[PDB]
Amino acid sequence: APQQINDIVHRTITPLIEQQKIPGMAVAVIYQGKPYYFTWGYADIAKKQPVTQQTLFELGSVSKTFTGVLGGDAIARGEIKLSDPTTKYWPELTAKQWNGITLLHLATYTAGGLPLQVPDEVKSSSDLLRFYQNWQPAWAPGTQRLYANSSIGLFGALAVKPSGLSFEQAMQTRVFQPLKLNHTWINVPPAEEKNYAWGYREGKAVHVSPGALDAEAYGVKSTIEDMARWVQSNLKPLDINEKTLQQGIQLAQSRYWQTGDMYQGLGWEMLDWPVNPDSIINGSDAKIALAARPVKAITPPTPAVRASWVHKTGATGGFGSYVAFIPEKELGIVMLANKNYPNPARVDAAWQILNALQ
């Protein structure tokens, strides 16, 4: 690798791993559009398996960027519209609080305070309908943002209904396969288990447990190579040959709502660049508090702005992920770890690397 990239990555990441006691980590830097890869430590401490470029990590909520792009692809195909009422795709949702809640609201966490998590007791399709029917919004639609797996999760499930495919099949056929993400999975096949890192929580090896709307909200596993390819695809959507997928990516980085310095896309979140990491932390879900924030509608949404810091954090019980990129600089980073360590530390490291290289 170019020595400047080698140096800033190692000089940043080695102390981060020490500070945070991270067992294993993989990083990719995308510079002038080429990926450069770095690995440290262990995918499996007990079996002494190193992190490699082929190691699978749980992306956690970075999965929402795939969900948002898959939804964008469905809009581009003319299967759904973000202006559609939720009830067009789920007419069984007859409770009157749903009147006025659109797919846009679900996708962007603005439906009125859908909860963060779907309860563990929701096990069946019947259970899931009961949950949404019984939910009482705190706020009118389109007035406050409250980050929520139950919101964008439901968006993903509904978005694929016109296709006639399961969510997983749709993601595979319409996003993973066209982009050559051949080691990216909603369900890790047995053949790939040799690559699947363990997550570590309180020093115990753990993997994400099944849950309602898991695929849609937090269920993707991927390698550093495929994640670098995902960043490249999102940096340069005009190089994508499949027209609806190119359009979908563009829709997911459109700016739909503003809160403070932050703009909400479909899965992706964005700020204007230049921006400093304290302002990114407070302008994002990377902060340690669960924040209800009033939002301003961007009427109509601003198309994807090249001068942006585009990012997403993710976690599972045992993993912590971060992706950020700046389109007008052809520059991005992926950080995958098998420990859920504090978000500000992720952003700090990412910014330190990208600002050195831009």
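One-based numbering along the sequence shown.
Asker: Quick check on the record: does 324-332 or 36-44 carry the larger mean Cα temperature factor?
Answerer: According to the PDB entry, the answer is 324-332.
Asker: When the C-alpha temperature factors are averaged for each of 125-133 and 264-272, which stretch ends up with the higher value in the entry?
Answerer: Averaged over C-alpha atoms, the B-factors run higher in 125-133.
Asker: Highest recorded C-alpha temperature factor, please, choosing from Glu92, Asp84, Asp73, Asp214.
Answerer: Highest C-alpha B-factor among the listed residues goes to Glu92.
Asker: Which is it among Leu181, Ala111, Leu158, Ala286: the one with the largest CA B-factor in the entry?
Answerer: Of the candidates given, the C-alpha B-factor peaks at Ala286.
Asker: Among all modelled residues of this chain, ranked by Cα B factor, put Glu202 in the bottom, middle or top third, i.e. lowest, middle or highest.
Answerer: According to the entry, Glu202 has a C-alpha B-factor in the chain's highest third.
Asker: Would you mind checking where the Cα B-factor of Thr299 ranks among the modelled residues of its chain, as the lowest, middle or highest third?
Answerer: Middle third.
Asker: By its CA B factor, does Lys194 count among the lowest, middle or highest third of the modelled residues in the chain?
Answerer: Ranked within chain, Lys194 CA B lands in the highest tercile.
Asker: Among the modelled residues of this chain, does the Cα B factor of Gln49 put it in the lowest, middle or highest third?
Answerer: Its C-alpha B-factor belongs to the middle third of this chain's values.
Asker: Should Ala291 be placed in the lowest, middle or highest third of its chain by the C-alpha B factor in the entry?
Answerer: Middle third by C-alpha B-factor.
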